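[1] got the complex split up, this is the first portion:
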Amino acid sequence: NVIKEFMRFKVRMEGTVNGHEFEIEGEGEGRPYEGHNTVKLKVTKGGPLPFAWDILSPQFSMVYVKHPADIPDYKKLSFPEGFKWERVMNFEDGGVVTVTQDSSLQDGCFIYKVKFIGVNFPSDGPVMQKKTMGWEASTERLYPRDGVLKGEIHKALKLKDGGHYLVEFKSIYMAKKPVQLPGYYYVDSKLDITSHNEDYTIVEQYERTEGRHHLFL
Amino acid sequence: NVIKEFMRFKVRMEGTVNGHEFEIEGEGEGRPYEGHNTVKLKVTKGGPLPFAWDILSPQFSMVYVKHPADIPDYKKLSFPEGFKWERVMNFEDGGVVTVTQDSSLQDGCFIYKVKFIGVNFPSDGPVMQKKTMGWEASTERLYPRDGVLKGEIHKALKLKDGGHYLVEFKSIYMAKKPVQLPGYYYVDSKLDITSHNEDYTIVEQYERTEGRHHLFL
Amino acid sequence: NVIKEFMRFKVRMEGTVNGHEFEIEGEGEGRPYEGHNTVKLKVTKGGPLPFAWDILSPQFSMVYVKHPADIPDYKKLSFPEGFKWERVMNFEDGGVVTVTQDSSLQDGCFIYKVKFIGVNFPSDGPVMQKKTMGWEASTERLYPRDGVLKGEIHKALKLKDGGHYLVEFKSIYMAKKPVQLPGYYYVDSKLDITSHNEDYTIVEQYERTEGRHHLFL
């Protein structure tokens, strides 16, 4: 058993949003089978960020999803060999982000490398004007396809002037070696910002995530 | 209270899919507060349909969703005045459908009028070739906006040879008179075809729908 | 023989936008081989319209596109048998419209029946607030697929306070009998409102449309 009750992770992101380049480094920890993890991030280059932190938050840890016995945990089964994931986030005002990540296990610690490109965000929009107030709790729809696991989520960012800012997530989870695939199921998640300095250069996050079948099934 | 423990409904649909016109008439019944309803449909014109019945199934009854005390039931509160709903269904192979519906309570019985336009479906596709095997159970994400209630769902049609055919639903629920709006919540649903003749000209359906808050809230 | 140098048409539209139902009747005329036509419309029911006329304008005449000798005029060749077309218009603020039309030739005059459903237009938007100032001239991209002719356009509505309101058009042109298909080509078009009363219940339009190959070929 390579995925222990307690596992630590290191994450590094290299990104670009509306032409602004940045680098983020971080360290995280959590309980893989209990469905929760924390992460501490630091902007190492391109700081302070001229956009909302919230668009970066869901990109900083697959192995921390609590899965019941009957639904195979594809993401956990991918280790020690390796794991990769990719995502497209379609924002309602035209913004589009594509993310690609590489996950490896080195000496009982997960190493995550994230590449992020965000484009077409309006200048007067909530992302560029930093008007977002965190994510609402979400429900991902997962299904197997092409030998990999795919997920779709209808997410929303809370606005300070009131209301929501809609984002559609489409994710593809790829194990290095094709491991056991689950059926049609759901993953409930909730990401919260627990700490931050004034310009969001140092941020701490907490995520709660649990996989399940549909309530009627 | 005009919405009783047992309510009946009449449905009338006028539609077009890939240039083929059709008319469907139906009668249904159910328990509004327990979250379940049945409906018997008959194709009255344009029969037999040269496409999958499944794309028409979710268009045939908002008042039948079980809601807990804490979440305002916008759809039930819209009566006896009136209710209207609109929807766009985006299929993964390019097929797009827009639906518009009118709802009124005429002497303890609901009268539903539906208009449907389906376009851009590939000729060798699962809808036109009738390769679908019913909907998977789903979870709608709802939120208030512009004084009305909106909802989005990531749905899927089961395929005969195995696999899924993805469809994204975006619905807008409009009360005639601006009634109380709920917050950010979810609606679980499961629609099943319970009876049908060989050419799907006489079809019976069953649906169970329940509104709830996110599991982590 | 059937498509004369001068041809007239009658059009009837039954529609719905954001729950509001309407009916429009009109008469038109033009020169098929010269690439121009005029049309006089009148709102017969649901008047005055609570939205911008501009979204309806491109739905009111395929046979009037000038084509050079080397490019097969699919739409003209579909007659006297029949023609049908479908369309989806995706607006940048979430508005979606699907249109379906049936074209017939009776008594030496074309008869057009249009069904229109418009959904998800924000209440504070330029369509519902009537802030649009006509269409910009456009260029459609056409290609054959599934035995029919398809077309895609990146169109824009001029704004009153300045700027543009973007709309993506995806059309499907279907002959009743499988007629000769053209290759990958373009159709330049410009639609102008030439006359209108205050509430847009009586409107006149003019369209110039010409088919051609890409200029670098």
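    Done, it's in. Numbering: from 1, shown residues only, chains lettered A, B, ... in the order given.
[2] which residues of chain A lie near chain B?
    Within chain A, the positions lying close to chain B (CB under 8 Å from any CB of the partner chain) are A:136-139, A:141, A:143, A:145, A:152-154, A:156, A:163-164, A:166, A:168, A:184, A:186, A:188, A:190, A:208, A:210, A:214-217. Every C-beta, even on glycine, is put in place using the N, C-alpha and C of the backbone.
[3] is it correct that residue A:125 is in contact with residue A:95?
    Yes. Counting by CB atoms under 8 Å, residue A:125 touches residue A:95, with 7.2 Å between them.
[4] between those two, which one's more packed in?
    Neighbour count, other CB atoms under 10 Å in any protein chain shown: between residue A:125 and residue A:95, residue A:95 has more, with 23 against 20.
[5] for the residue lying closest to the more buried one once chain neighbours are set aside, list the residues it contacts.
    Leaving aside its sequence neighbours, residue A:95 sits nearest to residue A:121 (CB to CB, 6 or more residues apart in numbering or on different chains; 4.0 Å). Applying CB atoms under 8 Å, 6 or more residues apart in numbering or on different chains, one finds that residue A:121 lies in contact with A:17, A:18, A:51, A:91, A:93, A:94, A:95, A:127, A:128.
[6] in CSV: these, plus secondary structure.
    Listed next are the contacts of residue A:121 as CSV, based on DSSP: H, G, I helix; E, B strand; the rest coil:
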residue, secondary structure
A:17, strand
A:18, coil
A:51, coil
A:91, strand
A:93, coil
A:94, coil
A:95, coil
A:127, coil
A:128, coil
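[7] counting neighbours, which of the residues you listed comes out on top?
    Most neighbours among the contacts of residue A:121, by other CB under 10 Å: residue A:127, with 25 neighbours.
[8] quick check on that one: phi, psi?
    For residue A:127, the backbone dihedrals are phi -70, psi -50 (criterion: degrees, to the nearest 10).
[9] correct me if wrong: it contacts residue A:55.
    Yes. Using CB under 8 Å, residue A:127 is in contact with residue A:55, at 5.8 Å.
[10] pull up the overlap in contacts between these two.
    Joint contacts of residue A:127 and residue A:55 (CB under 8 Å, 6+ apart) are residue A:17.
[11] near chain C, which residues of chain A show up?
    Counting by CB under 8 Å from any CB, the residues of chain A close to chain C are A:92, A:94.
[12] re the thing from before, from the residues of chain A next to chain B, which land in strands?
    Residues of these located in strands (DSSP state E): A:138-139, A:141, A:143, A:145, A:152-154, A:156, A:164, A:166, A:168, A:186, A:188, A:190, A:208, A:210.
[13] now restrict those residues to buried residues only.
    Among these, those classed as buried by neighbour count (16 or more other CB atoms under 10 Å in any protein chain shown) are A:138-139, A:141, A:143, A:152-154, A:156, A:164, A:166, A:168, A:186, A:188, A:190, A:208, A:210.
[14] which pair of the residues you listed spans the longest distance?
    Using CB to CB, the two most remote members of those are A:143 and A:164, lying 25.7 Å apart.
[15] I figured residue A:134 hits residue A:54, correct?
    Yes. Counting by CB under 8 Å, residue A:134 does reach residue A:54; the two are 6.2 Å apart.
[16] mutual contacts of those two, please.
    Residues touching both residue A:134 and residue A:54 (CB under 8 Å, 6+ apart): A:157, A:193.
[17] and chain D, same structure:
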Amino acid sequence: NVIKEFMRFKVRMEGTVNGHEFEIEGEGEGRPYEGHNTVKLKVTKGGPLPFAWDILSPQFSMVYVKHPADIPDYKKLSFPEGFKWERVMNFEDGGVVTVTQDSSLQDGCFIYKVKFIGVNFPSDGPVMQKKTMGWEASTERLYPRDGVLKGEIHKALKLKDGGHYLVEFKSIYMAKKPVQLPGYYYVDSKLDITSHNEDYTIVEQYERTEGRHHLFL
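    Putting chain D together with the chains above:
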């Protein structure tokens, strides 16, 4: 006057498609005011590429677009100060790519740095199975918005059997210093692969691009 009749460029691309990382280096040349340029590429890492070269080809030179005297050449006027461009490519089978590029002028030679992330491409699709055979000639629709220039194109990749693979391009052109903006206009382009080795590790391209007003103006 910093942009001469003959200008050379160096290009470097760091990218990822369906999890596969790659690095491409190249050198090109052309005549800015005449509207044509050539480029010689070499895959330096991640070679041989397990996907179609054609999706990379339009990412390898804004200053080589011929513009008439009346339409301001935003991209040429961006120099010596600098220029940046971003793009999203939406493929019809689900594939999404976001591109971000930085353009500088160093000692009479243009330096281009490109970052590419391609996600959600089907394993059995024409991109991953290398079944595409070049781009069709295209027409871009440009318009000013938020102090920058934006452009939309309906492009197509030719398929080996005798069909097309559709891709929608949405580009954003950003000068470092807010320079003169043009109006609503078009850019015709034609990209051809002129030379390639067996595995597409060494490729040569040619592009012809000209800006113009709509033909009906």
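[18] which stretches in chain A count as helices?
    A:74-77 (DSSP state H).
[19] strands of that one, residue ranges please.
    Ranges of strands in chain A, per DSSP E, are A:7-17, A:20-31, A:36-45, A:83-91, A:96-106, A:109-119, A:132-135, A:138-145, A:148-159, A:164-175, A:185-196, A:202-212.
[20] and the last one, what does it pack onto?
    Yep, that's strand A:202-212 we're talking about. Secondary-structure packing of strand A:202-212 (3 or more CB pairs under 8 Å, 6 or more residues apart in numbering or on different chains; DSSP states H and E): strand A:36-45, strand A:185-196.
[21] now those as TSV including distance to residue C:112?
    Conversion of the helices and strands packed on strand A:202-212 to TSV gives the following (distance: least, CB to CB, whole Å):
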stretch	distance to residue C:112
strand A:36-45	59
strand A:185-196	47
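[22] so for chain D, which of these sits nearest?
    Closest approach to chain D among those is made by strand A:36-45 (14.6 Å; CB to the nearest CB).
[23] now that closest one against strand A:109-119, angle please.
    With axes from the mean of the first three to the mean of the last three CA atoms, to 10 degrees applied, the angle from strand A:36-45 to strand A:109-119 works out at 60 degrees.
[24] can strand A:36-45 be said to contact chain D?
    No. For a cut-off given as CB under 8 Å from any CB, strand A:36-45 has no contacts with chain D; the smallest distance is 14.6 Å.
[25] got the buried residues for that strand?
    A:36, A:37, A:38, A:39, A:40, A:41, A:43.
[26] ditto for stretch A:188-207
    Buried residues in stretch A:188-207, defined by neighbour count with 16+ other CB under 10 Å: A:188, A:189, A:190, A:191, A:193, A:200, A:201, A:203, A:205, A:207.
[27] residues of chain A that sit close to chain D?
    A:16, A:18-19, A:84, A:86-88, A:94, A:96-100, A:102, A:115-120, A:122-124, A:146-147, A:170, A:172, A:174.
[28] buried ones among these?
    Using 16+ other CB under 10 Å as the burial test, these include A:16, A:18-19, A:84, A:86-88, A:94, A:96-100, A:102, A:115-120, A:122, A:170, A:172, A:174 as buried.
[29] next, count neighbours for residue A:14.
    When neighbours are defined as other CB under 10 Å, residue A:14 has 18 of them.
[30] what's near enough to touch it?
    Residue A:14 sits next to A:22, A:23, A:114, A:115, A:116 when contact means CB under 8 Å, 6+ apart.
[31] out of the residues you listed, the closest to chain B would be?
    Taking the contacts of residue A:14 together and measuring to chain B by CB to the nearest CB, the closest member is residue A:116, at 23.1 Å.
[32] contact partners for the closest one?
    Contacts for residue A:116 (CB under 8 Å, 6+ apart) come out as A:13, A:14, A:15, A:16, A:17, A:56, A:59, A:97, A:98, A:99, D:117.
[33] the fourth one against residue A:115, yeah?
    No. Judged on CB under 8 Å, residue A:16 makes no contact with residue A:115 at a distance of 9.3 Å.
[34] give me the common contacts of those two.
    Common neighbours of residue A:16 and residue A:115, using CB under 8 Å, 6+ apart, are residue D:115.
[35] for the buried residues of strand A:36-45, give me a markdown table that also has distance to residue B:66.
    Formatted as a markdown table, the buried residues of strand A:36-45 follow (distance: CB to CB, whole Å):
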| residue | distance to residue B:66 |
| --- | --- |
| A:36 | 31 |
| A:37 | 34 |
| A:38 | 37 |
| A:39 | 38 |
| A:40 | 43 |
| A:41 | 42 |
| A:43 | 47 |
